[PDB]
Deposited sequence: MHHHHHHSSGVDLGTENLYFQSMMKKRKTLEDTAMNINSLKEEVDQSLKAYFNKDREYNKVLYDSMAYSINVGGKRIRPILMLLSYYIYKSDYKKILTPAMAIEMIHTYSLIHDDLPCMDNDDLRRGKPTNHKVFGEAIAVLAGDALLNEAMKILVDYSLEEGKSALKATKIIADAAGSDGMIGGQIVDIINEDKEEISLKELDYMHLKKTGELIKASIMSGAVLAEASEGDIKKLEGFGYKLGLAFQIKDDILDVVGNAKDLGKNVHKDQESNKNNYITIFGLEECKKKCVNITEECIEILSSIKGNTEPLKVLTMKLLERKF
């Protein structure tokens, strides 16, 4: 009865419940965090984690905590990236962004608090669950940090100036900015399920490639509606995405266990409209 849309609603509900707690003084912080959490989203990253775990074990509800942590990290990055000094976005999915509603100071602090919240729950989860969870926590913490997501964002910032960007720097930027957390969602799920070394290397390649297709797809979604499109052209881009998604499917096919839900998500990611 495993259904991606149903899974996304289950994540939405866990996240809402999480932030619906009683607070006497710092309620505004929790309102700001909850606003960005609840606003919306495909919940791609937490679903990747659950479905990678699902390849091996069916009790996915057991790792909803680390799944929420990763979506908290994704959410904090949007709050900070929307700020006037960076992307300066007023709207996200037709809704006002965090700083427009709560002002910049509170938005900065809610982003900081979501990053910190992800770490607190991963740490508590690891105190409960042991060594494999702490290992998964490292995968997540590393992918979010200076040599992952943040390192990506920095390069993006530093290059606003370049009229011209090298392929090397561009790939790095995209690998760090979005590649690492997509891949980390998959790897942490598998590590939590205690997949074997052979499977881990398969899933590493699958995570790398999925993230690649994802960044190119973002470029296509921008253009039609410093650019893979500028460098390769729309036709080649449309084609690379289909072909990488193909390889992703074949890697999953090479894995013994229940990879069907992950294959579904993988094809859905190729056809998303935003």
query	finding
Where the deposited sequence has no C-alpha coordinates (positions from 1, in order)	1 to 33, 259 to 275
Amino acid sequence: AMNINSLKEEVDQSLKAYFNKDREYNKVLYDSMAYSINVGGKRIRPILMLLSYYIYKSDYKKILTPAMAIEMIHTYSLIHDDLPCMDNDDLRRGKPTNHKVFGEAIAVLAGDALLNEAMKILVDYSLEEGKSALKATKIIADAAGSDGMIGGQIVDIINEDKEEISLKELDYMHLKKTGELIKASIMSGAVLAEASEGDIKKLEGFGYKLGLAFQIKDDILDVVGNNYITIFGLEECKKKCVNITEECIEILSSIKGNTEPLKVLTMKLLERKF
From here on, numbers count along this sequence of modelled residues.
{"query": "228 to 236 versus 213 to 221 - which carries the larger mean C-alpha B factor in the record", "finding": "228 to 236"}
{"query": "Mean temperature factor over C-alpha atoms, higher-scoring stretch between 68 to 76 and 123 to 131", "finding": "123 to 131"}
{"query": "Which of 168, 183, 100, 138 ranks first by CA B-factor in the deposited coordinates", "finding": "168"}
{"query": "Cα B factor band for residue 58 (lowest, middle or highest third within the chain)", "finding": "middle"}
{"query": "Among modelled residues of the same chain, the CA temperature factor third for residue 145", "finding": "lowest"}
{"query": "Cα B factor band for residue 94 (lowest, middle or highest third within the chain)", "finding": "highest"}
{"query": "CA B-factor placement of residue 42, once the chain's modelled residues are sorted into thirds", "finding": "middle"}
{"query": "CA B-factor ranking of residue 198, expressed as a third of its chain", "finding": "highest"}
